[PDB]
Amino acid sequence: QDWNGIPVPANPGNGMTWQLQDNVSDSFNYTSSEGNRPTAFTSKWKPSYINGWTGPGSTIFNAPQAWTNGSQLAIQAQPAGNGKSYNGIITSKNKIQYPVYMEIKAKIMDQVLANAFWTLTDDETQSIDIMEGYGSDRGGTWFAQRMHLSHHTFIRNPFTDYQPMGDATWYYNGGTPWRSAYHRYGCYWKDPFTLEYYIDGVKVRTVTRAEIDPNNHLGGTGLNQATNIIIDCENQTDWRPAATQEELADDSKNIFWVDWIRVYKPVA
């Protein structure tokens, strides 16, 4: 695999080591697209959201915009007309649950669109955002230069959304924009109350119990459910400027590239 010899940066415990979870890991070293979906892909992933929802704001999730090129997954955006985009997404066919380390090597788009690697339960109440980036300087240099590290707890009806909002939820890298290179974005979901984030193999943030669910949307369980993996892009016009149609058409800038995803659990 692509990550051969790259250590897992999280601590598996004394007298423990890390073990790869095959069914949610992929080096994406195959070619695939709409009408050419091989087993290497369909055994693990589907190019759609976890249900029929087509995305927030000006997003239109669309299967053709997820594909692979022999070495990387492309999560692509396209013009949809009427101020909207078509947006790539994949989701896992298999669930994961703490304790679990999950990491991608990826390069976000030079777009105002969100690009994210995240989890979401079938009931849509629990989410971890391993990363959520906004690449273009047209969205503000402040955003282009920061990576969002967060999680959500929801009540579905009426819709109520909690995430931590402390300054440490947006991680700065000296002014280098995140669009400029591939980085490794990782998170150890250690238990329902403990999340650690890792960028380029370095621990950059720890979230503990008080920040997990202070409004009690989950009734005291914390982030405890088996959940789905998602990698997507979104046109989040409820709070972001809309992408222009020409930006969405520019294929030198409209692809969120993921070289690989790897997932491990701690073992003796």
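Residues carry their position along the shown sequence, with the first being 1.
Of the two stretches examined, 227-235 and 200-208, the record assigns the greater average C-alpha temperature factor to 200-208. Per the PDB record, of the two stretches 154-162 and 88-96, 154-162 carries the greater mean B-factor over its C-alpha atoms. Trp18 sits in the highest third of its chain by CA B factor, as recorded in the PDB entry. The PDB entry assigns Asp259 a C-alpha temperature factor belonging to the middle third of its chain's modelled residues. Among all modelled residues in this chain, the alpha-carbon of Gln245 has a temperature factor (C-alpha) in the lowest third. Annotation for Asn82: C-alpha temperature factor in the highest third relative to the rest of the modelled chain, per the entry. Per the PDB record, residue ranking by Cα B-factor puts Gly135 in the lowest third of the chain.
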